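Visitor: piece number one of the complex, untouched:
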Amino acid sequence: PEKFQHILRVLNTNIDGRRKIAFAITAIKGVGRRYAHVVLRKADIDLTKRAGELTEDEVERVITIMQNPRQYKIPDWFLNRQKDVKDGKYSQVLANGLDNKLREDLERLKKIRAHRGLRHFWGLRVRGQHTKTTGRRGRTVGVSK
Amino acid sequence: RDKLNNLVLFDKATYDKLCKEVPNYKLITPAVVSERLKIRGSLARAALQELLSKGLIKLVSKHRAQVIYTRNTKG
Amino acid sequence: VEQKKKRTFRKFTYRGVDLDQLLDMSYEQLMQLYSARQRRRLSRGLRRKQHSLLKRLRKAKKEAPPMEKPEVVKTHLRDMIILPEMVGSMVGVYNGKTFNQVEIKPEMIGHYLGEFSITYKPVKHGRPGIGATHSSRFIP
């Protein structure tokens, strides 16, 4: 039924219209399953459609709700950047601002040279896990001279 | 693994072949219909429920993990 | 402190508030900007004789000649949070043997003073010794 164009190019990422919407839009970063289901419910569109069955007047509404969530009554405890450390905002950072925020957070930490930044610099484990018997990336060392 | 490129929904050729197989198959299950054509297997369930609605196939068993139909309780 | 595009002017300020207001904000009003642990710490509020360190952080920035920095308020208190008052002063934070010095920047607000002097040497490995593998055992 209705073999129409399926491959979508949503902002800076490729979606396949061969999948269901609630699991197709998770291909974008910052959008998981629990977030995408809510973004699709608030937009009043159906949830049994393949992602190719959406004409150009649904996708636009879906993304404008996906990017301005607090406008459409998506709560605060549910967003992936809350009390933004340097601006006090609440937001979902979605596609490319995610990598920029992550690198900005790592660089902020390394700047004041806190301990987390020093573990991020030396490529070690940042939480409090033992590193004596895990990680194990290098090569075997020979004991016979 | 491998690459099974199945169809997410029918086209007219597969759509007529799906109605031209009804008298042929003694056992009808979603997996058999998936293997005959190139169907995403979750579309085969909808196709068989549609065929059942039109009286074209007869349900012999339905369970959570298995469904079975047969051709018009004949032959 | 020469920080000039990311704290006061231009891009950003601590959760949208600028340092000059953080210098007058009462601790009750300020603990609403802080994260959960720092808020809980001040809500328990058991500043004990962690007070008196504030009396030598302060009163050391007034004995100091202008256009310069206070010298060192060396301490064992690794678990101090960084209130915006302590911005600017120099502190010597004990690590188990040594008072490594720190110049407090407006970016460290709400971290722990212990989170700026490490307790061990970052290791560079030697050469594996006699017990290092089962391939090694024998001597006469």
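Guide: Alright, I've got the coordinates. Numbers count the residues shown, from 1 in each chain, chains lettered A, B, ... in the order given.
Visitor: Residue nearest the middle of the chain, spatially speaking?
Guide: Answering for chain A, as no chain was given. residue A:30 (2.0 Å; CA atoms, centre = their mean).
Visitor: wrong one, chain B
Guide: Going by CA atoms, centre = their mean for chain B, the residue that ends up nearest the centre is residue B:33, at 4.3 Å.
Visitor: Skip the chain neighbours and tell me the closest residue to residue A:101.
Guide: Nearest residue to residue A:101, sequence neighbours excluded (CB to CB, 6 or more residues apart in numbering or on different chains): residue A:93, at 5.3 Å. In short, each C-beta sits where N, CA and C put it, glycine included.
Visitor: that older thread, contact partners for the residue nearest to the centre of chain B?
Guide: The contact partners of residue B:33, taken as CB atoms under 8 Å, 6 or more residues apart in numbering or on different chains, are B:18, B:39, B:44, B:47, B:48.
Visitor: which one of those is nearest chain A?
Guide: The nearest member of these to chain A, counting by CB to the nearest CB, is residue B:47 at 10.5 Å.
Visitor: how close does the closest one get to residue A:115?
Guide: From residue B:47 across to residue A:115, the span is 60 Å (CB to CB, to the nearest Å).
Visitor: Kindly reformat the contacts of residue B:33 as TSV containing distance to chain A and neighbour count.
Guide: Below are those laid out as TSV (distance: CB to the nearest CB, whole Å; neighbours: other CB atoms under 10 Å in any protein chain shown):
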residue	distance to chain A	neighbour count
B:18	12	20
B:39	13	22
B:44	14	22
B:47	10	19
B:48	15	20
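Visitor: add RNA strand D to the structure above, sequence below:
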RNA sequence: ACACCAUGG
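Guide: Take a look at RNA strand D, now in place beside the chains above:
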């Protein structure tokens, strides 16, 4: 109708 099987801070 019998493959190999050495040595000991």
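Visitor: Quickly find the element holding the residue nearest to the centre of chain B.
Guide: helix B:30-36 (DSSP states H and E).
Visitor: so after that helix, what's the next helix or strand?
Guide: helix B:42-53.
Visitor: just how off-centre is that next one within its chain?
Guide: Relative to the centre of its chain, helix B:42-53 is centred 6 Å away, using CA atoms, centre = their mean, to the nearest Å.
Visitor: quick one: contacts of it?
Guide: With CB under 8 Å, 6+ apart as the criterion, helix B:42-53 contacts B:7-10, B:18-19, B:22, B:28, B:30-31, B:33-34, B:39, B:57, B:59, B:67, B:69.
Visitor: okay, which residue is most central for chain C?
Guide: Nearest residue to the geometric centre of chain C (CA atoms, centre = their mean): residue C:113, 2.6 Å.
Visitor: mind listing what's buried in the helix or strand hosting residue C:43?
Guide: Under the criterion of DSSP H and E, residue C:43 resides in helix C:36-44. Residues C:38, C:39, C:41, C:42 are the ones in helix C:36-44 that count as buried (16 or more other CB atoms under 10 Å in any protein chain shown).
Visitor: quick check, nearest of those residues to chain A?
Guide: Using CB to the nearest CB, these come closest to chain A at residue C:39, 11.6 Å.
Visitor: let's bring in RNA strand E now:
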RNA sequence: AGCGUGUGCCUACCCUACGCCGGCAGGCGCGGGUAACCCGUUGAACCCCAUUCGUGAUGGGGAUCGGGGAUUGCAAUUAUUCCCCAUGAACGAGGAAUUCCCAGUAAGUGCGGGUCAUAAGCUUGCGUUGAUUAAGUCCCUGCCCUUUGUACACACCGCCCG
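Guide: With RNA strand E now in place:
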């Protein structure tokens, strides 16, 4: 379902019902129990019955990491523990080797006690679903008893020749 535990002398902390508040962790308020008396008729999990997925490292897997919220405590950074949104690694049944097991047993599955201001991937007990294979032998690894041989007795991991 079954085995349990429950207010502590020094030692200051126990198990919780039910109403309200909060998405959640959690908070406030009032009661019972020193216990076959209250939590408790212990509404446990796997299992059972219906939806969506469809052979694609996928909606399998949940490592690593960012941001936020609670509780215990005198104090949580080298994240104590817990909750929420996000990031989404190896891994497609495992080389030479090698462990444990005979019937309510192996294995799957959850629940208590111990340590415990906080807290089990540990161990110690309890139930729940419940097989395949044997009724043998001395081959391999060892053990017991008799006969026999010995240059061993620190006892074959011995002794000893050039």
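Visitor: again for the buried residues of helix C:36-44, RNA strand E present now?
Guide: Buried residues in helix C:36-44 (16+ other CB under 10 Å): C:38, C:39, C:41, C:42.
Visitor: Residues in contact with whatever helix or strand comes next after it: which ones?
Guide: Using DSSP H and E, the helix or strand that follows helix C:36-44 in sequence is helix C:53-57. Helix C:53-57 is contacted from outside by C:70, C:73, C:75, C:77, C:80, C:83, C:85, C:86, C:89, C:91, using CB under 8 Å, 6+ apart.
Visitor: please redo it, this time with the cut-off set to 7 Å
Guide: The contact list for helix C:53-57, computed with CB atoms under 7 Å, 6 or more residues apart in numbering or on different chains, reads C:73, C:75, C:77, C:80, C:86, C:89.
Visitor: which residue packs closest to whichever residue of chain C sits closest to chain A, ignoring adjacent ones?
Guide: Ranked by CB to the nearest CB, the top residue of chain C for proximity to chain A is residue C:16, at 3.2 Å. Nearest residue to residue C:16 in three dimensions, chain neighbours excluded: residue A:88, at 3.2 Å (CB to CB, 6+ apart).
Visitor: Cross-check the contact I'm expecting between the one you found and residue C:13.
Guide: No - Residue A:88 is not in contact with residue C:13 according to CB atoms under 7 Å; the separation is 8.7 Å.
Visitor: which residue ranges form the helices in chain A?
Guide: Secondary structure of chain A (DSSP state H): helices at A:21-24, A:33-42, A:59-67, A:97-111, A:115-121.
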